[PDB]
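Visitor: The structure follows.
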Amino acid sequence: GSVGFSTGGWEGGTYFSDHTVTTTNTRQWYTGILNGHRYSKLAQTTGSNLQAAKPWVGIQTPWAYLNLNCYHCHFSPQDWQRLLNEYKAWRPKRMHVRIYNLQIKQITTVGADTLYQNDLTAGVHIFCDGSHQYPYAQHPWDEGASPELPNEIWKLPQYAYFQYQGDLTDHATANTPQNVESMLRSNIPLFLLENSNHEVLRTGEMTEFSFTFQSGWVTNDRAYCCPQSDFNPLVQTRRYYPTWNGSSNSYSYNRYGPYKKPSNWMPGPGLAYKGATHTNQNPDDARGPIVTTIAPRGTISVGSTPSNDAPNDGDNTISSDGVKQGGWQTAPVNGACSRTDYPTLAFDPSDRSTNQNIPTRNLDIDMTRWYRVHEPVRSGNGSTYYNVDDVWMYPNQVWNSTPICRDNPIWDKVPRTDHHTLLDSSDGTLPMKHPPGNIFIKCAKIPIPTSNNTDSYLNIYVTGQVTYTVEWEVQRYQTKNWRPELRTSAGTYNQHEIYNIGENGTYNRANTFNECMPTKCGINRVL
Amino acid sequence: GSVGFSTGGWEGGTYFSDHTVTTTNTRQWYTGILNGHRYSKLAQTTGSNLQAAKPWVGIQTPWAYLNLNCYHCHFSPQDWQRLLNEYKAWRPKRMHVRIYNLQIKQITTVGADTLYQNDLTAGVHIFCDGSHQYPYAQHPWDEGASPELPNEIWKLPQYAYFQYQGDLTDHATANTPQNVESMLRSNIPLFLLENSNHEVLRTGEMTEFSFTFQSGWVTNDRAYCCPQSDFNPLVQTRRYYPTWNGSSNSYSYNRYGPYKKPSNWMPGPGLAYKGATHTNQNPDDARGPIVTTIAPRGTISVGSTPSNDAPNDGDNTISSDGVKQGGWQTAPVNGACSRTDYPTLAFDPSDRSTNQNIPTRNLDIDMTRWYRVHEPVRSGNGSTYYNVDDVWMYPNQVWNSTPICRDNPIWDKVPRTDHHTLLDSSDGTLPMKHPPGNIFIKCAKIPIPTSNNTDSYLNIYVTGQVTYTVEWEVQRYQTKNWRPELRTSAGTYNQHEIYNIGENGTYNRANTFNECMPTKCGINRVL
Amino acid sequence: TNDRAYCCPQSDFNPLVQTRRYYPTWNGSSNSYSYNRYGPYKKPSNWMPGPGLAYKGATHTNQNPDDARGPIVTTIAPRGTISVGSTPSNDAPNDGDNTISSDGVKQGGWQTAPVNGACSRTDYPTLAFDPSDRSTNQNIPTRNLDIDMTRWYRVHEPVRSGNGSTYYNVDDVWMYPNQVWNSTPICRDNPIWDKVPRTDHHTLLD
Amino acid sequence: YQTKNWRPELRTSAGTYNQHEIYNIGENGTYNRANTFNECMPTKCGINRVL
Amino acid sequence: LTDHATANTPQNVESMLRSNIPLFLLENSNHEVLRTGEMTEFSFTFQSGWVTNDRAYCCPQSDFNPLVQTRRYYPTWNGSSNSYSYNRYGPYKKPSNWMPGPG
Amino acid sequence: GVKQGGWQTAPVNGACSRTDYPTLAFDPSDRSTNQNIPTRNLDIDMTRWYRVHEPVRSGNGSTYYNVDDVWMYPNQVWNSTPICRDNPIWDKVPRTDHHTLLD
């Protein structure tokens, strides 16, 4: 008889050790009924009017889901400081999630007054998709992650997923196969969570989930030198550099100076592009820096026209408007270029922020990450130094990843595909094949009798507690550095009261990326 | 199925034996929702206006806590009488606290009428901090301790804690380091009880806590003589006292009279100061007798100005107003001086007292505690007898502690610091490293669905029973005294009906410190 | 000990709860006291500011590095001996004791510094040092930074005087019961230990 | 140390010092030492204890 | 490197770099001190790829058999019809799946 | 600024044999007085490419674009440069979060 028995306590606190950090967090969560207990088409209405449907079309579900992906979910500002000061590297190992102390209440109107009364026999649907049968649909930077403050109520975000690009229209030429658009539309998936197995829980019940991570490392230490400066000037190099003689049409040689020795190591791959920065209008346009247009041959997308003049030769050229609303954008794409760390990653530390100050990633002091790359080419009497904005993958590229802050997402799901290149994120998330599965939650749909076969349900909502524990594998730094180093310190910040509760419970959050306590500031690594 | 089963009975009564007294008390307690389930800045607005913030700034929490610290919590007036009459000494050994028979009710408005209905699935957060991770914030003399009468309802007091002194402002001179105020403000702690582990209980559940005391003794017997009178006049002393001869510029000697023999034993340390008694206005001013101004070099407090004239030499002198609102006061500081027992300890016997008569400690008949101390110094023809208001710690000081009454606090937490001197309280509480930990209680925060992301919770309150049992180590007196002695007796009091229930349930409480049944009145100890 | 106190023991209470304690007010007409509850935002504390002697020493001149400046200067000499700049004084209080001139105390005495104890006001400038031996640096590190909140700036004993009260600065706070304090901060350039002199008695070692 | 403090704290950091090159070897082997007591890295700055 | 402060940059980055420079003194580690009658030795184990002495006499793209026809066709753009027509690759250049290495 | 401020990576020829020369030149020994400087001009391996062209239909004919930068792309296959007795044996891989293929 667990109506009067709790199914759990409250669990909080972090534990530090040499090889392990364990974070434990409990939140009170709730969800009401979403989308009237039904699945429905979700389509974007925004964007400049064009003779086509808007690109994103999908399904919004009745379900809600748990999002644990961000560091401020797991670490308090204190704990994050201690992680960054005492450890050169960490990665998540295993996560345990308990859902318990469930309460299901009927929302009742007896009059001008709204009543909240237990329905003791009402259930809650809880489903973890761990085999990734359903669309994951988790953008790492989404709001609706577990709130930073343990005392804050967490309203579950609603689950929706992409279905098809609505902008695609049938296009028939001598250069295309027939009926490709209808072929795409016929093949769109529909995912209903009710054709899978899940648990239904009443108020005296609990459920739990365990996940094991496989990921690379987040690395807190930085390089104080680039690989290319890293030689010894007191020793001469045997290497010579050529000088072209226009008279003899040959080369002569001179020893490289001891203070620049040619390196075998390439600057890491980096794409320095801002994207389209020219206007703030139309938040649903694809700004950049990389915009990808998907469309199969035989279909034509927004603002696309076939072009019969070379190089295109029957391919569809896409106007600015077409690329802008039709395409899908990848940002940041800076890679190893530190010049474009800014302003290509900017975020709110929390959801629904009223702060006018937007933290943007301006601080990278790691010295393997490059500002500019130049290819000098002999031209006439002198040489022309060509800035290279696109440094692609090339052998012997060696670089460090961007710094991250407590407000970054922890992981990003690697799309399941035939092939992928090296996995390094420009935003710093850990790419994971098999990230922890979506934990889906919805109130039971309790029908109300109707004579006319209308869909009428009882108005209820579930609240409960969720405890999530992450075991973090972690490595303490060791150094022979004689000097003291930069450390994350509260005294660095222009906002002295940051992460403190103020008048009327206002909680102070970072104005800047530095106040978000970024990694790779303090600890020197030897290359 | 404990919805219909109680988790405990009612436990009351005291048990006396030779070496042990056991008090058992049960109270019905409740708390509603505090501070709207949130943490917020708590700042004092009172005091004379000054160009600075008011000193005390802190955090008021959603939590409530149990306060067992006072004797009238544990002992009935009868039981206290018997303790003081039959025992020379006692100390608390172990305490057991049970919280049970929990009821959690929703407060509902259906109309002009307010309804109280069980929420059977609602929880209660109960947390004991026994490792003193959170601020203790218990002033021994606070109200909100368990009520004296077993039948009285106990409303849990709300927990709040100090954070920083708001009066401190940055002060930069050649004599100070830079940016100390921002350094203080940056380093202020924030304590959220939800990052620790605690129990959540529904109505069919209970919890219990055990504590072990380490303390010195409360001592009921008194000295009938001072150490300095304690000799035998029928025997001559070999000791001589000097007399200065101004003519020969030397000393001559004469045997001490047998009825004052010089003693090796110093009067105990005592600071005789009233504090600032001149006005009753501004209850938040620091009156005395010892006022401590905290402020680091590089900061400047209220009413402070740097003074470049000696002795100060760049130190900040503080005006009366600055000391008055800015400082922190220590009272009583009488120590072994009985002259300043009055009026330096005065209190209400109970919380929210309407009695105009305020018990103040005027009765100390222990003879080791001194009225005045004089240092005579030869001056001219005679000698000048200098009153000494400050007797500091000196070797061979020997003294008895102040008497206490049933309305005193039992213990006081020793602040955790690098160093402390001898622990003797002028108010009589037992200093304890590791006093019993705060038991924190709050109603679960049960969210109400809102579309606009406002914070809206279900209005509930918890009531329960708390049983607390203290085992007291105790010592019976033994004496060869031939004569009968003073004993605590109901017939001593001008109020004959004291501790009786009167018309309409009015409970009579002590008008005077004597009616509070003070210790160290009755039993003679041999020195 | 590396950790610090962010509050003094005397601020450390809960203002949301009233105190049962009252403070006296003297009535000169009735020659008695009346009582009023302490305000919830200053609750009288059982805990004394730690012992502290706020004295600079003799700061007036830089000459004569071998003079005993302070803040505590101890003259040793047994009865039957006379030290530098000492003369017997037959006028009270001295009565045959040797009074010592400034010069005598100055070169003859032995100095104890720092003697600030729990007073943070005199942390400066009573501890100043070179980080290394034979330093050429004109900048002398001196201990100006103490943010520990148990260590006190000033102590006042207010005493009712006439119509108002006089607030007496206390430069000497001696050992007294229920004093609780944290030790001074140290730096990487401090000595680790000091040998306790072997003696019959010593007080608390801080 | 162990703390339940929610907030980050002061820590000893090289970036605090007006002398940026402190404890570094300079020209001709000159070793840079603290000008101030803060540059000597004093204790009891960072960690909060609960009383 | 010199400090540069604009609306587009964070503050005090140069001093931040200069403050964080390492200093390495070999005397804070453990090493051997040897007098004239003493010796010391060290062992190392390599992990590496191979140095390769043999060469390719052909590129991967020439490496086919001309006596066999390829089924593959190559496009030719017709500007009049705006479409492609196809012709079998000649047996002596067969399109290769293998790209020239990065250079 | 680029010239004195930057740090240079050479050789970066990769699989291009055209730029084997003159991008690697050295003395065989230290403090050489020899005016003749060995420079790597001899690569007869046939997987290593001289030029790469992307032809693009332009007007009536096609334009053959020389490609001086061939980046990493799938199905690139190549042999490493020849080495001589005077080359270094190894190079320390910088310790970093990421590296591409090591050649």
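All residue names refer to the structure tokens as shown: chains lettered A, B, ... in order, residues numbered from 1 in each chain, ligands numbered from 1 in order.
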I'd like the neighbourhood of residue 4 (chain D) as a PyMOL selection string, where a residue qualifies if any of its atoms comes within 10 Å (using only C-alpha atoms), though same-chain residues fewer than 3 positions away should be ignored.

Guide: (chain A and resi 13-14+76+78-79) or (chain B and resi 133-134+189-196) or (chain D and resi 7+48-50)

Visitor: For the interface of chain F with chain E (cut-off 10 Å, counting only C-alpha atoms), please tabulate each contacting residue of chain F alongside its nearest pair of atoms and their separation in Å to one decimal, rows sorted by chain and increasing number, as CSV.

Guide:
residue,atom,partner,partner_atom,distance
F:5,CA,E:1,CA,9.3
F:12,CA,E:103,CA,7.3
F:13,CA,E:103,CA,5.3
F:14,CA,E:103,CA,4.5
F:15,CA,E:103,CA,4.9
F:16,CA,E:103,CA,5.0
F:17,CA,E:103,CA,8.6
F:18,CA,E:103,CA,9.8
F:19,CA,E:103,CA,9.0
F:43,CA,E:55,CA,9.4
F:44,CA,E:55,CA,7.7
F:45,CA,E:56,CA,5.1
F:46,CA,E:58,CA,5.0
F:47,CA,E:59,CA,4.5
F:48,CA,E:101,CA,7.3
F:49,CA,E:100,CA,6.7
F:50,CA,E:100,CA,9.8
F:51,CA,E:100,CA,9.5
F:52,CA,E:100,CA,7.7
F:57,CA,E:77,CA,8.6
F:59,CA,E:79,CA,9.5
F:60,CA,E:79,CA,9.2
F:67,CA,E:103,CA,9.4
F:68,CA,E:103,CA,7.6
F:69,CA,E:103,CA,6.1
F:70,CA,E:102,CA,4.9
F:71,CA,E:102,CA,4.9
F:72,CA,E:102,CA,5.2
F:73,CA,E:102,CA,7.4
F:74,CA,E:99,CA,7.6
F:75,CA,E:98,CA,5.3
F:76,CA,E:99,CA,4.5
F:77,CA,E:101,CA,5.2
F:78,CA,E:101,CA,5.0
F:79,CA,E:55,CA,7.9
F:80,CA,E:52,CA,8.2
F:81,CA,E:52,CA,9.5
F:82,CA,E:53,CA,7.8
F:83,CA,E:51,CA,8.7
F:89,CA,E:51,CA,9.1
F:90,CA,E:48,CA,8.7
F:102,CA,E:49,CA,9.4
F:103,CA,E:49,CA,9.6

Visitor: What's around residue 204 (chain C) at 10 Å? Count only C-alpha atoms, leave out sequence neighbours fewer than 6 positions away in its own chain, and write the answer as a list in words.

Guide: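 Selected residues are residues 419, 420, 421 and 422 of chain B; 175 of chain C.
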
Visitor: Go ahead and save the picked residues with N, CA, C and O atoms, as a PDB file, in the first residue's frame.

Guide:
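This went into result-v2.pdb:
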ATOM      1  N   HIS B 419      41.409  28.620  16.637  1.00  0.00           N
ATOM      2  CA  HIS B 419      41.739  28.675  18.048  1.00  0.00           C
ATOM      3  C   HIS B 419      40.548  29.157  18.852  1.00  0.00           C
ATOM      4  O   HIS B 419      39.701  29.908  18.370  1.00  0.00           O
ATOM      5  N   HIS B 420      40.501  28.711  20.097  1.00  0.00           N
ATOM      6  CA  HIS B 420      39.569  29.265  21.059  1.00  0.00           C
ATOM      7  C   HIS B 420      40.233  29.223  22.420  1.00  0.00           C
ATOM      8  O   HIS B 420      41.101  28.390  22.678  1.00  0.00           O
ATOM      9  N   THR B 421      39.831  30.139  23.279  1.00  0.00           N
ATOM     10  CA  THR B 421      40.268  30.115  24.662  1.00  0.00           C
ATOM     11  C   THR B 421      39.384  29.158  25.450  1.00  0.00           C
ATOM     12  O   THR B 421      38.578  28.415  24.888  1.00  0.00           O
ATOM     13  N   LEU B 422      39.546  29.164  26.767  1.00  0.00           N
ATOM     14  CA  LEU B 422      38.722  28.349  27.643  1.00  0.00           C
ATOM     15  C   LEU B 422      37.250  28.622  27.372  1.00  0.00           C
ATOM     16  O   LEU B 422      36.842  29.770  27.193  1.00  0.00           O
TER      17      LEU B 422
ATOM     18  N   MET C 175      43.443  37.525  26.598  1.00  0.00           N
ATOM     19  CA  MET C 175      42.723  36.265  26.614  1.00  0.00           C
ATOM     20  C   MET C 175      41.553  36.348  27.580  1.00  0.00           C
ATOM     21  O   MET C 175      41.668  36.862  28.692  1.00  0.00           O
TER      22      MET C 175
END

Visitor: Mind dumping a table of every chain B residue within 12 Å of chain D, with the nearest atom pair and its distance in Å to one decimal, using only C-alpha atoms, sorted by chain and rising number, as JSON lines?

Guide:
{"residue": "B:129", "atom": "CA", "partner": "D:4", "partner_atom": "CA", "distance": 11.2}
{"residue": "B:131", "atom": "CA", "partner": "D:50", "partner_atom": "CA", "distance": 10.4}
{"residue": "B:132", "atom": "CA", "partner": "D:50", "partner_atom": "CA", "distance": 7.4}
{"residue": "B:133", "atom": "CA", "partner": "D:4", "partner_atom": "CA", "distance": 6.3}
{"residue": "B:134", "atom": "CA", "partner": "D:50", "partner_atom": "CA", "distance": 6.7}
{"residue": "B:135", "atom": "CA", "partner": "D:50", "partner_atom": "CA", "distance": 6.0}
{"residue": "B:136", "atom": "CA", "partner": "D:51", "partner_atom": "CA", "distance": 7.5}
{"residue": "B:137", "atom": "CA", "partner": "D:51", "partner_atom": "CA", "distance": 9.1}
{"residue": "B:138", "atom": "CA", "partner": "D:51", "partner_atom": "CA", "distance": 11.2}
{"residue": "B:161", "atom": "CA", "partner": "D:50", "partner_atom": "CA", "distance": 11.1}
{"residue": "B:162", "atom": "CA", "partner": "D:50", "partner_atom": "CA", "distance": 10.9}
{"residue": "B:163", "atom": "CA", "partner": "D:50", "partner_atom": "CA", "distance": 11.0}
{"residue": "B:176", "atom": "CA", "partner": "D:36", "partner_atom": "CA", "distance": 11.4}
{"residue": "B:177", "atom": "CA", "partner": "D:38", "partner_atom": "CA", "distance": 8.6}
{"residue": "B:178", "atom": "CA", "partner": "D:38", "partner_atom": "CA", "distance": 10.1}
{"residue": "B:179", "atom": "CA", "partner": "D:16", "partner_atom": "CA", "distance": 11.0}
{"residue": "B:180", "atom": "CA", "partner": "D:45", "partner_atom": "CA", "distance": 10.7}
{"residue": "B:182", "atom": "CA", "partner": "D:10", "partner_atom": "CA", "distance": 10.8}
{"residue": "B:183", "atom": "CA", "partner": "D:10", "partner_atom": "CA", "distance": 7.7}
{"residue": "B:184", "atom": "CA", "partner": "D:10", "partner_atom": "CA", "distance": 9.1}
{"residue": "B:185", "atom": "CA", "partner": "D:10", "partner_atom": "CA", "distance": 10.1}
{"residue": "B:186", "atom": "CA", "partner": "D:9", "partner_atom": "CA", "distance": 7.1}
{"residue": "B:187", "atom": "CA", "partner": "D:9", "partner_atom": "CA", "distance": 5.1}
{"residue": "B:188", "atom": "CA", "partner": "D:7", "partner_atom": "CA", "distance": 7.7}
{"residue": "B:189", "atom": "CA", "partner": "D:5", "partner_atom": "CA", "distance": 5.4}
{"residue": "B:190", "atom": "CA", "partner": "D:6", "partner_atom": "CA", "distance": 5.1}
{"residue": "B:191", "atom": "CA", "partner": "D:5", "partner_atom": "CA", "distance": 5.3}
{"residue": "B:192", "atom": "CA", "partner": "D:6", "partner_atom": "CA", "distance": 6.8}
{"residue": "B:193", "atom": "CA", "partner": "D:4", "partner_atom": "CA", "distance": 8.5}
{"residue": "B:194", "atom": "CA", "partner": "D:4", "partner_atom": "CA", "distance": 9.9}
{"residue": "B:195", "atom": "CA", "partner": "D:4", "partner_atom": "CA", "distance": 7.3}
{"residue": "B:196", "atom": "CA", "partner": "D:4", "partner_atom": "CA", "distance": 7.7}
{"residue": "B:197", "atom": "CA", "partner": "D:4", "partner_atom": "CA", "distance": 11.3}
{"residue": "B:296", "atom": "CA", "partner": "D:45", "partner_atom": "CA", "distance": 11.8}
{"residue": "B:413", "atom": "CA", "partner": "D:51", "partner_atom": "CA", "distance": 9.0}
{"residue": "B:414", "atom": "CA", "partner": "D:51", "partner_atom": "CA", "distance": 8.3}
{"residue": "B:415", "atom": "CA", "partner": "D:51", "partner_atom": "CA", "distance": 5.0}
{"residue": "B:416", "atom": "CA", "partner": "D:51", "partner_atom": "CA", "distance": 4.9}
{"residue": "B:417", "atom": "CA", "partner": "D:51", "partner_atom": "CA", "distance": 7.3}
{"residue": "B:418", "atom": "CA", "partner": "D:51", "partner_atom": "CA", "distance": 10.9}
{"residue": "B:433", "atom": "CA", "partner": "D:51", "partner_atom": "CA", "distance": 10.6}
{"residue": "B:434", "atom": "CA", "partner": "D:51", "partner_atom": "CA", "distance": 10.9}

Visitor: Pick out the chain A residues within 9 Å of chain F. Count only C-alpha atoms. Give them as a short mmCIF file (atom, residue, chain, number, x, y, z; two decimals) with N, CA and C atoms, in the first residue's frame.

Guide:
data_model
loop_
_atom_site.label_atom_id
_atom_site.label_comp_id
_atom_site.auth_asym_id
_atom_site.auth_seq_id
_atom_site.Cartn_x
_atom_site.Cartn_y
_atom_site.Cartn_z
N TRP A 217 37.24 12.23 -24.79
CA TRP A 217 37.46 13.03 -23.61
C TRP A 217 37.17 14.50 -23.88
N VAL A 218 36.63 15.16 -22.87
CA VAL A 218 36.71 16.60 -22.73
C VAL A 218 38.05 16.89 -22.08
N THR A 219 38.78 17.86 -22.62
CA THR A 219 40.13 18.12 -22.17
C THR A 219 40.24 19.55 -21.65
N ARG A 222 45.49 23.21 -21.76
CA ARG A 222 45.68 23.96 -22.99
C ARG A 222 47.12 23.84 -23.45
N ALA A 223 47.35 24.19 -24.71
CA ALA A 223 48.70 24.33 -25.21
C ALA A 223 49.16 25.78 -25.06
N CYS A 226 52.30 26.67 -30.10
CA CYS A 226 51.88 25.86 -31.23
C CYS A 226 52.96 24.83 -31.54
N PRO A 227 52.60 23.74 -32.20
CA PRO A 227 53.62 22.76 -32.59
C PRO A 227 54.71 23.35 -33.45
N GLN A 228 54.43 24.43 -34.17
CA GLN A 228 55.37 24.98 -35.13
C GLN A 228 56.40 25.90 -34.50
N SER A 229 56.20 26.34 -33.26
CA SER A 229 57.16 27.18 -32.56
C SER A 229 58.07 26.38 -31.63
N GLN A 236 71.34 24.73 -34.79
CA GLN A 236 71.04 25.02 -36.19
C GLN A 236 70.26 23.87 -36.80
N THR A 237 69.48 24.20 -37.82
CA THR A 237 68.78 23.19 -38.60
C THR A 237 69.58 22.87 -39.85
N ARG A 238 69.54 21.61 -40.27
CA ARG A 238 70.19 21.24 -41.52
C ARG A 238 69.39 21.68 -42.74
N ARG A 239 68.16 22.14 -42.54
CA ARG A 239 67.27 22.42 -43.65
C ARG A 239 67.53 23.79 -44.27
N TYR A 240 67.35 23.86 -45.58
CA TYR A 240 67.53 25.04 -46.40
C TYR A 240 66.21 25.44 -47.03
N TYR A 241 66.08 26.72 -47.33
CA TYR A 241 64.90 27.16 -48.04
C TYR A 241 65.28 27.67 -49.42
N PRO A 242 64.43 27.47 -50.41
CA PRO A 242 64.76 27.89 -51.77
C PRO A 242 64.52 29.37 -51.98
N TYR A 251 66.85 27.63 -58.54
CA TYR A 251 66.80 27.94 -57.12
C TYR A 251 68.20 27.94 -56.52
N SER A 252 68.38 28.78 -55.51
CA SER A 252 69.52 28.76 -54.62
C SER A 252 69.00 28.54 -53.22
N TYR A 253 69.88 28.13 -52.31
CA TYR A 253 69.46 27.69 -51.00
C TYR A 253 70.19 28.43 -49.89
N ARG A 255 70.20 28.34 -45.37
CA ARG A 255 69.76 27.65 -44.17
C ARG A 255 68.62 28.42 -43.51
N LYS A 260 63.00 30.37 -36.82
CA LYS A 260 61.85 29.69 -37.41
C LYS A 260 62.35 28.44 -38.10
N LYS A 261 62.02 27.31 -37.52
CA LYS A 261 62.34 26.06 -38.14
C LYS A 261 61.09 25.50 -38.80
N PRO A 262 61.17 25.12 -40.06
CA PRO A 262 60.00 24.53 -40.72
C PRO A 262 59.50 23.32 -39.95
N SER A 263 58.19 23.22 -39.85
CA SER A 263 57.54 22.21 -39.05
C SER A 263 56.91 21.17 -39.96
N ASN A 264 56.83 19.95 -39.46
CA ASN A 264 56.07 18.92 -40.14
C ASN A 264 54.59 18.99 -39.86
N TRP A 265 54.14 19.91 -39.02
CA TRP A 265 52.79 19.85 -38.50
C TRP A 265 51.96 21.00 -39.06
N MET A 266 50.87 20.65 -39.69
CA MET A 266 49.91 21.53 -40.31
C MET A 266 48.98 22.14 -39.27
N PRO A 267 48.58 23.39 -39.47
CA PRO A 267 47.46 23.92 -38.69
C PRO A 267 46.22 23.09 -38.93
N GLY A 268 45.49 22.85 -37.85
CA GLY A 268 44.32 22.00 -37.91
C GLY A 268 43.29 22.52 -38.88
N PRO A 269 42.39 21.64 -39.31
CA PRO A 269 41.39 22.05 -40.29
C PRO A 269 40.46 23.09 -39.70
N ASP A 309 23.20 26.55 -68.70
CA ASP A 309 24.51 27.08 -69.04
C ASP A 309 25.57 26.52 -68.10
N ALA A 310 26.75 26.28 -68.66
CA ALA A 310 27.85 25.67 -67.92
C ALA A 310 28.24 26.51 -66.72
N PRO A 311 28.76 25.87 -65.67
CA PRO A 311 28.99 24.45 -65.41
C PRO A 311 27.73 23.63 -65.16
N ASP A 313 24.63 22.85 -66.38
CA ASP A 313 24.21 21.86 -67.38
C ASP A 313 23.01 21.04 -66.89
N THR A 368 47.44 26.02 -30.01
CA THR A 368 47.42 25.18 -31.21
C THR A 368 46.33 25.62 -32.16
N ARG A 372 45.10 33.04 -38.34
CA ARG A 372 45.07 33.01 -39.80
C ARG A 372 46.08 32.01 -40.33
N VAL A 373 45.83 31.57 -41.55
CA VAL A 373 46.73 30.71 -42.31
C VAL A 373 46.99 31.41 -43.64
N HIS A 374 48.25 31.43 -44.06
CA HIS A 374 48.61 32.07 -45.31
C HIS A 374 49.40 31.12 -46.18
N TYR A 385 50.80 36.94 -50.20
CA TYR A 385 50.45 36.11 -49.06
C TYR A 385 48.94 35.94 -49.10
N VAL A 391 40.67 25.75 -44.52
CA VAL A 391 41.70 24.75 -44.34
C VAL A 391 40.97 23.44 -44.14
N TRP A 392 41.06 22.57 -45.12
CA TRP A 392 40.36 21.30 -45.04
C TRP A 392 41.22 20.29 -44.32
N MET A 393 40.70 19.08 -44.16
CA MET A 393 41.51 18.03 -43.57
C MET A 393 42.69 17.72 -44.48
N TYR A 394 43.86 17.64 -43.88
CA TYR A 394 45.09 17.36 -44.59
C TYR A 394 45.96 16.54 -43.65
N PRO A 395 46.84 15.70 -44.18
CA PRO A 395 47.70 14.92 -43.30
C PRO A 395 48.55 15.80 -42.39
N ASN A 396 48.83 15.28 -41.20
CA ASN A 396 49.65 15.94 -40.19
C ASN A 396 49.04 17.24 -39.68
N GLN A 397 47.72 17.33 -39.69
CA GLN A 397 47.04 18.38 -38.96
C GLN A 397 46.90 17.95 -37.52
N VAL A 398 47.20 18.85 -36.61
CA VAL A 398 47.21 18.57 -35.19
C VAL A 398 46.62 19.79 -34.50
N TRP A 399 45.61 19.59 -33.66
CA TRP A 399 44.94 20.75 -33.09
C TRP A 399 44.21 20.34 -31.81
N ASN A 400 43.87 21.35 -31.02
CA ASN A 400 43.03 21.18 -29.85
C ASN A 400 41.64 21.71 -30.12
N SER A 401 40.66 21.07 -29.48
CA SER A 401 39.27 21.45 -29.61
C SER A 401 38.98 22.75 -28.87
N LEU A 422 36.44 12.27 -39.12
CA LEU A 422 36.86 12.42 -37.74
C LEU A 422 35.82 13.23 -36.97
N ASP A 424 34.99 15.69 -34.35
CA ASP A 424 35.38 16.79 -33.48
C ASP A 424 34.35 17.88 -33.69
N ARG A 525 49.62 22.10 -20.90
CA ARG A 525 50.09 20.78 -21.28
C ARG A 525 51.40 20.96 -22.02
N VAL A 526 52.31 20.01 -21.85
CA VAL A 526 53.50 19.98 -22.67
C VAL A 526 53.19 19.25 -23.96
N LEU A 527 53.56 19.84 -25.08
CA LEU A 527 53.30 19.21 -26.37
C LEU A 527 54.27 18.08 -26.67
#

Visitor: Between chain D and chain E, at 8 Å or less, what are the per-residue closest atom pairs and their distances in Å? Count only C-alpha atoms, order by chain and rising residue number, and return it as a Markdown table.

Guide:
| residue | atom | partner | partner_atom | distance |
| --- | --- | --- | --- | --- |
| D:14 | CA | E:19 | CA | 5.6 |
| D:15 | CA | E:19 | CA | 5.7 |
| D:20 | CA | E:19 | CA | 4.6 |
| D:21 | CA | E:19 | CA | 6.0 |
| D:22 | CA | E:19 | CA | 7.9 |
| D:24 | CA | E:23 | CA | 6.3 |
| D:25 | CA | E:23 | CA | 7.6 |

Visitor: As a count of residues only, please: every residue in region 17-162 of chain C that DSSP puts in strand (DSSP E).

Guide: 37

Visitor: To one decimal in Å, tell me the separation between CA of residue 360 (chain B) and CA of residue 489 (chain B).

Guide: 19.4 Å

Visitor: Find the residues around residue 220 (chain A) up to 7 Å (only C-alpha atoms counted), leave out those fewer than 3 positions away in its own chain, and share them as a ChimeraX atom specification.

Guide: /A:84,87-89,519-520,523

Visitor: From region 164-413 of chain B, collect each residue whose DSSP state is alpha helix (DSSP H) and return the set as a list in words.

Guide: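 Everything in region 164-413 of chain B that counts as alpha helix (DSSP H) is residues 180, 181, 182, 183, 184, 185, 186, 320, 321, 322, 323, 324, 325, 326, 341, 342, 343 and 344 of chain B.
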